[PDB]
Amino acid sequence: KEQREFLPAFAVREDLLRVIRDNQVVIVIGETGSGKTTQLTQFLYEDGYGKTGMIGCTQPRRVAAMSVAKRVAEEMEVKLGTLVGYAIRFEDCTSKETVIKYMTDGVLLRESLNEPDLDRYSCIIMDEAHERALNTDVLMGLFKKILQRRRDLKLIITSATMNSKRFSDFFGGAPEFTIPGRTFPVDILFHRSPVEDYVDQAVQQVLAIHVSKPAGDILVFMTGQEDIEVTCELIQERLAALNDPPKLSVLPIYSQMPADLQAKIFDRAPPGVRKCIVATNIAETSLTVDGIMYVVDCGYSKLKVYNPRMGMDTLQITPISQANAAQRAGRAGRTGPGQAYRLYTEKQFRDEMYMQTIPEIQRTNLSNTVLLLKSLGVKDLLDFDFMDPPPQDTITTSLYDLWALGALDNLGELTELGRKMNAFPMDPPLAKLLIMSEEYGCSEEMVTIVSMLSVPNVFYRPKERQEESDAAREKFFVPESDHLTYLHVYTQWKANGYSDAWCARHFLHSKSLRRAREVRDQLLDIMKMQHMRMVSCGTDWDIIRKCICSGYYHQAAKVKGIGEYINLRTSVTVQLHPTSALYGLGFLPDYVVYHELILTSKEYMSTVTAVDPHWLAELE
Ligand SMILES: Nc1ncnc2c1ncn2[C@@H]1O[C@H](COP(=O)(O)OP(=O)(O)O)[C@@H](O)[C@H]1O
Ligand SMILES: [Mg+2]
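The text that follows walks through the structure, step by step, so that each part is easy to find. (Residues numbered from 1 in each chain as written, not as in the entry; some residues may be left out. Chains lettered and ligands numbered in written order. Heavy atoms only, no water.)

1. Regarding the overall build of the chain
On a plain count of helices and strands, the chain comes out with 23 helices and 21 strands. For 620 residues, the compact-globule formula gives about 25 Å, and the C-alpha radius of gyration of the chain, at 25 Å, lands near that figure. Expressed along its principal axes, the backbone C-alpha trace of the chain runs to roughly 70 × 65 × 50 Å. Counting the 620 residues in the chain, one finds 55% classified as buried. Of the roughly 27,700 Å² of accessible surface on the chain, a fraction of 51% belongs to carbon and sulfur atoms. Looking at charge distribution, the chain has the averaged site of its 70 positive side-chain charges lying 3 Å from that of its 81 negative ones. (Helix = DSSP H or I, 4+ residues; strand = E, 2+ residues; numbered from the N terminus. Rg over C-alpha atoms; globule rule 2.2 N^0.38 Å. Buried < 20%, exposed > 50% of the residue type's maximum accessible area, 1.4 Å probe, protein only. Areas by Shrake-Rupley, 256 points an atom, 1.4 Å probe, with all protein chains shown as cover. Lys, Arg positive; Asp, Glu negative; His and termini not counted. Charge placed at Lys NZ, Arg CZ, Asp CG, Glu CD.)

2. Notes on the site of ligand 1
Looking at ligand 1, there are 16 residues lining it, with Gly33, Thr37, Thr38, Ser67 and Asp290 nearest. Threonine 37 places a side-chain nitrogen or oxygen 2.7 Å from an oxygen atom of ligand 1. Separating an oxygen atom of ligand 1 from a side-chain N or O atom of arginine 334 is a distance of 3.5 Å. For ligand 1, the accessible surface in isolation is 540 Å², of which the surrounding protein chains cover 95%. Mapped by element, the contributors of at least two residues to the shell around ligand 1 are α2 (36-46) and α3 (62-75). Taken domain by domain, the shell around ligand 1 gets at least three of its residues from each of domain 1 (3-178) and domain 2 (187-360). (Near = heavy atom within 4 Å. Polar contact = N/O pair within 3.5 Å; in protein donor to acceptor, adjacent residues only side chain to side chain. Domains from an automatic or database assignment.)

3. Quick notes on the packing of aromatic side chains
In this description, an aromatic ring pair is defined by two values, namely the gap between the centres and the angle between the planes. Following the criterion strictly, the structure yields nine aromatic pairs and no others. A ring pair is formed by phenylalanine 170 and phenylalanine 171, whose centres lie 5.2 Å apart and whose planes are at 85°; its orientation type is edge-to-face. Judged by its relative accessible area of 10%, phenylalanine 171 falls in the buried class. Grouped by ring-pair contacts, the aromatic residues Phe190, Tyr344 and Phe349 constitute a single cluster. The ring of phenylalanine 170 carries the charged tip of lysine 144 above its face, separated from the ring centre by 5.3 Å. (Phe/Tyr/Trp six-rings, centres within 6.5 Å; stacked < 30°, edge-to-face > 60°. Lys NZ or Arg CZ within 6 Å of the ring centre and 35° of its normal.)

Have a look at this one:
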């Protein structure tokens, strides 16, 4: 009668509900596509756990949370937001009606602040625990304590097959329940030579499959919105240049995508139409698209990671693990015996790719985690029950940065500023910038700038209209500052009644601005609860630069020459990006602060503001 009956989870329903009734903690193991995320909440609902309180399901990815909530509301024939809802960083889609709530790890973590026993919940499913996301690890540590205080709470840990076997031991020998899998052998093809231009080669491989191969959808693994949009654009360009090719529906998947773009990936195309899904590793384990027969794997993910040449974080593409590569290839083995095209050699796979991914807790900036856990009451991270504890090096770096920011006092204790920063689901320096903007008389402007820094870049630079795009970008430039340029673009977008037609005409991403407005509206509410006044600096934009100079003092740099600056904290060379508004100035300024470092050909500053030297002196 129902599509949801073809799912492997449906057959173990009774056996699994028996294991859950008998044990506080259960580990559920099954392949991506088993029905773990869509079906487990419904099993618990139908078995009466929703009587006493809410059934929560946490996972690392925003798009998975939003999308599965929609699917489950449809399966259950309820309005999304009613019996089935979701909560993500910048959207609460729930009501007093909500019994099944899908959320991101971060949202449940923040709920434990004011509700340490998570009293509203009868059950929690910690889904996609095999990714070992930072906040997943923080939640397992929290649950170790909660499960003592509360003997009624059911914890279900969900895992794909790999990196699944340590959860049981961590929760005192919790029972494991495996949903058996059905996977076709996948033909894994390695590139003959190393790939320079993985975007170009991805597109060549997409169109070779499209014109030559029998029916079956394509899944392309890229790294971010940026290489995804370029890939989609180049597929359309080359497709339109071919002679009478079959139709192709090209659909992106990236973390910040709006709900309307998410819904598109699950639509069946007209008959005779192939789909090409161009995704990040969202499409590795977190969600399934029916009918995939061909995978194209770039071999990379994009992460903010410690860079030795910099002595600080850099946003960079980095090789995946051999485990990630197996998972990516496996997406072409669900419908029939598919193919996986790896844009990298067997040699590169054996020598340049680690067997496993290191847990995020051991390779990521810990500043949000330190600040969060000090709120929750935890003085030192190594006091916390981490499955894999973070290294002292990274703890020390965060303790230092949070002290320099003013979030910790000289004894390393939480300050009032540090507490206020925890109210904002963003990098501590970015929260500090928003908090300080009240005293600088520019909270109105700063919440706009912070909103623009929280969403994908606004400037559209299509590849067959680059001089026209560059020209339009230059008329929005405030040459002293990329931060003011973003404020300028948003203010002009608003002045034109938030028009999508205006954005296209000026080479701006409406989705970016629409997302910036979503974030702004949520930040305004947090600012209200934190009793911040909304004040405008009027025509004095200099005080915005001075405030930015205060929030990003730790990333001040001095001109070296020919677009090169020296980071004052580390004495490392960083390059100004040629796209920077600062190239509209008569000459490059002596002093800047920047938002972040990006690795492309070399280490570039991204989002740069000119600062007066006397501003830096005043500060510490
Ligand atoms: N928005 C959605 N998010 C995730 N899966 C979805 C969504 N809509 C439909 N599905 C379908 O649900 C099925 C997989 O069930 P799911 O519970 O996601 O499994 P698992 O969590 O075990 O991977 C696939 O047919 C997939 O396309
Ligand atoms: Mg899932």
